[PDB]
Structure formats: structure tokens, C-alpha cells
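Trainee: Just so we're aligned, residue 1 is where the sequence shown starts under the deposited numbering, counting upward by one. The beta-carbon is built from N, C-alpha and C at its ideal position, and this holds for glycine as well. I am attaching a structure below and will ask some questions about it afterwards.
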Amino acid sequence: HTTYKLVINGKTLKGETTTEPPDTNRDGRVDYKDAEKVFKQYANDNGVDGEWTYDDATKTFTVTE
């Protein structure tokens, strides 16, 4: 799997978390697009809703107020 990280910096909501989406394609790696959807599910569970960005250089997700 491929490790992705989510960094949230909202007004009242914030925190960091990682995830590794199941490689059901057996590709040997995971696209950020899959991790994005998973992280958005994490946001839905936590009630987080801000501006989503993604760092290509470090493969990192960020949500800001």
C-alpha cells in the first residue's frame, strides 16, 4: 500500500491522520485519489468541512477553514 497523510487546520476542528486504502487492484501501490475519498469519509465522520488541497511533492492532504 501507499501511505498518505491528512492535516486538518480549521477554526474549531483540527488534527492529523493517515490511511492506507486497500489495494484491491493488486497494483502494488495506491493512488492519492483513493486516499482522498477515504480521507473525505474521515472528514464526514468527524464533521470536518473546509478547503481541500494536495501536495504532489510530499503526497500530503490538507484541509483549512
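Do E51 and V63 come within 9 Å of each other at the CB atom, strictly closer than that value?
Mentor: yes
Trainee: Kindly indicate which residue of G28, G15, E20, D23 has the alpha-carbon position closest to the one of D49.
Mentor: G15
Trainee: Considering only residues of the same chain and omitting the five flanking positions on each side of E65, which have a CB-CB separation below 6 Å?
Mentor: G10, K11, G50.
Trainee: Report buried or exposed for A43, applying the criterion of at least 16 other Cβ atoms within 10 angstroms of its Cβ.
Mentor: In summary, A43 is buried, with 16 or more beta-carbon neighbours lying within 10 Å of its beta-carbon over all protein chains present.
Trainee: Buried or exposed: which applies to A57, given that a residue is buried once 16 or more other Cβ atoms fall within 10 Å of its Cβ?
Mentor: exposed
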